[PDB]
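Chains as they are written, first to last, in the numbering used here: chain A, 6 to 327; chain B, 6 to 327. One structure is given here, and the rest of the page talks about it.
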Ligand SMILES: NC(=O)c1ccc[n+]([C@@H]2O[C@H](COP(=O)([O-])OP(=O)(O)OC[C@H]3O[C@@H](n4cnc5c(N)ncnc54)[C@H](O)[C@@H]3O)[C@@H](O)[C@H]2O)c1
Ligand SMILES: NC(=O)c1ccc[n+]([C@@H]2O[C@H](COP(=O)([O-])OP(=O)(O)OC[C@H]3O[C@@H](n4cnc5c(N)ncnc54)[C@H](O)[C@@H]3O)[C@@H](O)[C@H]2O)c1
Ligand SMILES: Cc1cn([C@H]2C[C@H](O)[C@@H](COP(=O)(O)OP(=O)(O)O)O2)c(=O)[nH]c1=O
Ligand SMILES: Cc1cn([C@H]2C[C@H](O)[C@@H](COP(=O)(O)OP(=O)(O)O)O2)c(=O)[nH]c1=O
Ligand SMILES: [Cl-]
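Put into structure tokens, the structure is as follows:
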């Protein structure tokens with residue numbers, strides 16, 4: 006019952022850690038949790054402050070690319086949940102190399118070390134962006150990889166590395182793919198926290214192009230619960246989509262955020278569109294539901310409300326990040 | 006008309022270079038050819054000896070991972086044909102990291118530099134192994150990526166990086182995928198030259214498992230001619246399969262090689278099978294034929310005969326490599 010969580014000081018990773026330690030995943034027993042995080046601009050020790058008193062938690066400031074470190078930290082580890090990654094599309098367009106480096110090479114290093122340490126199973130956390138764009142309908146686990154951005158191409162490359170580790174060495178690795186997450190502790194470079202915090206700072210909102218692009222949104226709590234279900238009961242080598250997604254154009258979402266804050270359209274500015282911007286993401290989550298029983302439980306309206314309030318009450322957390 | 010060929014001191018790359026300089030590709034005019042090769046165990050200056058007197062040829066001993074070097078060597082380059090890679094499956098199973106490093110990160114570096122240098126078009130040379138294994142039938146350009154070995158996963162990751170460079174930055178990159186190549190100057194770690202040279206050395210042949218695995222074989226001359234057709238007339242962002250392949254089980258091929266050398270079955274030994282060994286590869290090459298007019302012109306029987314004779318007459322080349 007010794008687990009290692011990479012990227013556990015980031016947004017999603019920290020939520021998984023806080024929840025696991027809170028006992029929200031009865032089927033994943035945690036006797037000892039090691040968090041490995043290199044603390045890039047996106048990692049934040051404060052995301053784990055609510056649990057730093059936990060005796061079961063060991064925090065390791067280090068890199069997934071460090072084979073030396075992993076060979077030692079993975080001794081006796083039964084399972085790994087891998088969240089560590091460069092995760093922002095805009096950064097990837099501005100400076101792609103670090104995406105290959107952390108995402109593809111880091112994943113290769115981590116999995117090789119897992120094989121050398123005899124780790125039981127690994128959950129590789131991935132994204133819907135690997136599928137490109139979809140005008141109508143939703144993608145299934147058999148949809149083809151047609152990444153458009155360097156970030157998406159790096160995440161797809163890392164999913165291929167996972168497949169090879171399972172096929173060649175017999176590593177029990179499971180892959181999850183999810184839509185856009187939202188919730189407390191999300192870095193303010195991401196759409197929702199960026200727009201909410203700009204508003205709180207009395208600023209404008211940079212809406213790309215026309216705002217017609219479509220994304221599906223899931224509360225990170227639901228995403229993390231699906232990851233725990235896969236950890237506990239998925240099958241080696243399988244891919245699972247974690248749905249939930251309420252589908253919105255960015256325009257309509259912008260409107261919901263303005264309302265949630267008492268603001269108006271005059272706060273929005275239309276900016277030049279993102280290079281190669283994906284028009285629409287939509288994931289079909291029937292497989293995980295039929296196989297593992299997963300269904301989202303946080304409605305957008307409630308989740309979003311709690312999220313906005315969190316930002317309103319935590320300027321001390323986000324201010325420094327901007 | 007300035008071209009840069011990465012991996013041009015390797016097997017396929019050197020054949021493309023010798024042919025281009027020989028004028029076999031009238032539609033690809035070569036005023037200046039730069040070859041960039043890091044001379045790993047697989048690169049060999051002697052592969053280019055037949056053309057070192059060519060004034061149009063500039064040989065650069067360097068790495069695709071060296072952004073410094075590329076930023077300068079790519080100045081004024083109109084097109085790149087990218088062959089540089091770690092190419093042996095067995096090496097990839099024994100030591101996977103270098104595959105991610107050269108194949109995925111090296112490709113990312115090269116393409117970024119191509120975008121920064123304003124390079125007109127690039128041909129990214131890939132493989133049928135990205136598709137996994139296929140029991141019956143042949144794969145098309147829309148077949149899904151299901152790599153099984155670290156080598157295949159690294160080549161698929163590099164194909165995804167190519168797609169993203171085209172989708173995000175507008176880079177005119179074309180991808181080719183081919184079956185197993187054979188011919189003069191192939192390194193002796195590969196099946197055919199390994200078996201031919203073992204026989205010439207009076208040794209035995211390590212046939213994996215039962216030898217039932219199936220591969221399609223094409224003479225490198227045909228492969229290179231299809232690459233030149235894609236360079237000259239393919240379309241940005243497209244994938245092209247380069248077929249030819251006469252499909253054989255390794256058992257049947259072994260039998261053909263024994264005969265070509267006057268040997269017999271007593272020279273063959275059955276060895277433990279390769280981890281995650283792909284059972285069968287088969288590529289459909291209708292697209293390149295219908296779109297670009299490509300059809301293989303070297304029959305297996307003649308190509309193979311010339312190849313075996315080449316090994317018989319070039320012990321000075323291969324001996325040192327073993
Ligand atoms: N946020 C989303 O909407 C979304 C959707 C689906 C999938 N994902 C995937 O979920 C994962 C977590 O995403 P997130 O939004 O929490 O990201 P994030 O940017 O908030 O956090 C990433 C974390 O990884 C750490 N990290 C980065 N490089 C590292 C390295 N080399 N070694 C160790 N630690 C390293 C960072 O310090 C940080 O704590 C990523 O794999 C992402 O691709 C995210
Ligand atoms: N041989 C085949 O059957 C086959 C089938 C289809 C596709 N391919 C692809 O064709 C390409 C060439 O294959 P090959 O059989 O000629 O390979 P090879 O191993 O004979 O040659 C590879 C060449 O790349 C060079 N190289 C390696 N790493 C480098 C780096 N970081 N920087 C610069 N140069 C580097 C090596 O020195 C060598 O000259 C590869 O991309 C391979 O994946 C080969
Ligand atoms: C960050 C940002 C994003 N967007 C758009 C880009 C996407 O269509 C959507 C979400 O962007 P983002 O939060 O970057 O996530 P992703 O690119 O992974 O989907 O919001 C804007 O319009 N303005 C912004 O300032
Ligand atoms: C190198 C080698 C390969 N093989 C088999 C593995 C493959 O099925 C086939 C060709 O192997 P190889 O030349 O390594 O190429 P590839 O793995 O890219 O297809 O021959 C043997 O049986 N013995 C050997 O010694
Ligand atoms: Cl695919």
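Ideal Cβ placement from N, Cα and C applies to all residues, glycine included.
Own chain, CB closer than 7 Å to residue i, minus 5 neighbours either side, in chain order
i, result
"residue 244 (chain B)", "146, 180, 182"
"residue 79 (chain B)", "9, 118, 119, 122, 124"
"residue 269 (chain B)", "263"
"residue 252 (chain A)", "219, 221, 287"
"residue 237 (chain A)", "32, 33"
CB contact below 8 Å: residue i versus chain B
i, result
"residue 179 (chain A)", "no"
"residue 131 (chain A)", "no"
"residue 185 (chain A)", "no"
"residue 335 (chain A)", "Nothing in the structure corresponds to residue 335 (chain A), since chain A is present only between 6 and 327."
"residue 106 (chain A)", "yes"
"residue 143 (chain A)", "no"
"residue 157 (chain A)", "yes"
"residue 102 (chain A)", "yes"
"residue 241 (chain A)", "no"
"residue 117 (chain A)", "yes"
Where the alpha helix (DSSP H) containing residue i begins and where it ends
i, result
"residue 198 (chain B)", "196-205"
"residue 61 (chain A)", "Looking at the DSSP string, residue 61 (chain A) is not in any alpha helix (DSSP H), and its letter there is neither H nor E."
"residue 255 (chain A)", "255-265"
"residue 171 (chain A)", "155-174"
"residue 97 (chain A)", "94-99"
"residue 318 (chain A)", "305-318"
"residue 114 (chain A)", "111-121"
"residue 17 (chain A)", "16-27"
Cβ of residue i within 8 Å of any chain A Cβ
i, result
"residue 98 (chain B)", "yes"
"residue 53 (chain B)", "no"
"residue 165 (chain B)", "yes"
"residue 211 (chain B)", "no"
"residue 92 (chain B)", "no"
"residue 150 (chain B)", "yes"
"residue 267 (chain B)", "no"
"residue 109 (chain B)", "yes"
"residue 169 (chain B)", "yes"
"residue 162 (chain B)", "yes"
"residue 302 (chain B)", "no"
Identity of the residues DSSP links to residue i by a beta bridge
i, result
"residue 79 (chain A)", "DSSP lists no partner for residue 79 (chain A)."
"residue 183 (chain B)", "B:132, B:247"
"residue 84 (chain B)", "B:8, B:126"
"residue 211 (chain B)", "B:274"
"residue 288 (chain A)", "A:144"
"residue 235 (chain A)", "BP columns for residue 235 (chain A) are empty, so no partner."
"residue 178 (chain A)", "A:127"
"residue 324 (chain B)", "BP columns for residue 324 (chain B) are empty, so no partner."
Same chain, Cβ closer than 6 Å to residue i, five either side skipped, listed in chain order
i, result
"residue 98 (chain A)", "280"
"residue 138 (chain A)", "283, 284, 285"
"residue 68 (chain B)", "43"
"residue 94 (chain A)", "154, 156"
Spatial distance of residue i from residue j (CA atoms)
i, j, result
"residue 118 (chain A)", "residue 112 (chain A)", "10 Å"
"residue 229 (chain B)", "residue 267 (chain B)", "31 Å"
"residue 293 (chain A)", "residue 246 (chain A)", "6 Å"
"residue 175 (chain A)", "residue 120 (chain A)", "9 Å"
"residue 132 (chain B)", "residue 288 (chain B)", "10 Å"
"residue 4 (chain B)", "residue 221 (chain B)", "With chain B running from 6 to 327 in the structure shown, residue 4 (chain B) is simply not present."
"residue 159 (chain B)", "residue 194 (chain A)", "31 Å"
"residue 173 (chain A)", "residue 164 (chain A)", "14 Å"
"residue 306 (chain A)", "residue 226 (chain A)", "14 Å"
"residue 143 (chain A)", "residue 258 (chain A)", "20 Å"
Cut-off 8 Å between Cβ atoms - residues of its own chain near residue i, not counting five sequence neighbours on either side
i, result
"residue 300 (chain B)", "294"
"residue 274 (chain B)", "209, 210, 211, 212"
Endpoints, beta strand (DSSP E) assigned at residue i
i, result
"residue 41 (chain B)", "37-42"
"residue 221 (chain B)", "219-224"
Partners in chain E for residue i, counting only beta-carbon separations shorter than 7 Å
i, result
"residue 172 (chain B)", "In summary, chain E is missing from the structure at hand, where the protein chains are A and B."
Closer than 7 Å: residue i CB and nearest ligand 7 heavy atom
i, result
"residue 87 (chain B)", "Looking for ligand 7 in the displayed structure turns up nothing; the ligands present are ligand 1, ligand 2, ligand 3, ligand 4 and ligand 5."
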